[PDB]
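K.L.:
For the sequence shown, counting from 1, position 125 maps to 125 in UniProt numbering; every step adds exactly one. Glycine is no exception: its CB is placed at the ideal position from the N, C-alpha and C atoms. Sharing a structure, written as structure tokens. Questions coming.
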Amino acid sequence: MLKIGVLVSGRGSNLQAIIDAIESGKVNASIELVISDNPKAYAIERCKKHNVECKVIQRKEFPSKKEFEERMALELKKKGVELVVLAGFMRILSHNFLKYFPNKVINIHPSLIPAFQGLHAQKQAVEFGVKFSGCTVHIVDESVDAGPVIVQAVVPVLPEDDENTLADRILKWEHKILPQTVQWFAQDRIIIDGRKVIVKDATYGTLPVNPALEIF
Ligand SMILES: [Co+2]
Ligand SMILES: [Co+2]
Ligand SMILES: [Co+2]
Ligand SMILES: [Co+2]
Ligand SMILES: [Mg+2]
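Dropping the structure here:
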């Protein structure tokens, strides 16, 4: 099975989606370790309920960021983690961490990047007034939600939508494209060429997900 590690900082609904997809047999992978930088994250409780190893590693426990990132990489390496998944993780990863997992660190972001990068992307979309938003699974690099794009899901925005209502609509898709991406990695179907990513034998040119979902 694909051995993956998940980094979290809060609620962790995206972690739950992966856990459920694995338990239902839709994703051929195992979560070898979950790392939370927040001791009170609900994500930790999810790990307890599903018997998923979880470790709390806090930034304040290290003088430098370099140390902090090194410890997290090492702990993942010790578990043979092949794919690192950020699910609600709030720290910014640098080359110190990324160099260990070349093109093997992914993240789920609630917007159609490069649009609305950064924090509160759903609220950004609503205040801006776009008619379409959505979510993106991308490879993490030194940019702020500007790395290689694996898959995106488009979601219509309503005139009366507020941050929470739109976020809720986008989240339904995040819970689908992130687990699907994990499965694609598990199937050795992720091909990288430059900053472009292609999924082997996947269906392209589709709505509302491109490439189209397969396990959902
Ligand atoms: Co273990
Ligand atoms: Co735990
Ligand atoms: Co983001
Ligand atoms: Co609208
Ligand atoms: Mg999450």
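1) Name, in chain order, the residues that DSSP records as bridge partners for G134.
2) Report the option in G25, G194, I4 whose CA atom is closest to the CA atom of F101.
3) Could you check whether the Cβ of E142 sits closer than 8 angstroms to any Cβ belonging to chain C?
4) Within 8 angstroms, do at least three Cβ pairs link the stretch 72 to 83 to the stretch 123 to 142?
5) Taking the runs of the alpha helix (DSSP H) that are 4 residues or longer, which of them lie wholly in the stretch 39 to 106?
6) Evaluate contact between the stretch 147 to 157 and the stretch 195 to 210, counting only Cβ atoms and requiring at least three cross-stretch pairs below 8 angstroms.
7) Express the C-alpha separation of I22 and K99 in angstroms, rounding to a whole number.
8) Who are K3's beta bridge partners in DSSP?
9) Indicate the three-state DSSP secondary structure (helix, strand or coil) for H120 in the structure shown.
P.N.:
The structure says:
1) The sequence position of residue 134 within the sequence shown is 134, counting from 1. Per DSSP, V154.
2) By 1-based counting over the sequence shown, the position of residue 101 is 101. Checked all of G25, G194, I4; the closest Cα to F101 is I4.
3) Considering every chain present, this structure includes no chain C. It has just one protein chain.
4) no
5) 42 to 50, 65 to 78, 95 to 98
6) yes
7) Locating residue 99 in the sequence shown gives position 99, counting from the first residue. Locating residue 22 in the sequence shown gives position 22, counting from the first residue. Spanning the two alpha carbons is a distance of roughly 27 angstroms.
8) Taking the first residue of the sequence shown as position 1, residue 3 is located at position 3. Paired residues: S30.
9) On the sequence shown, residue 120 is found 120 positions in, with the first residue counted as 1. Note: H120 maps to coil in three-state DSSP.
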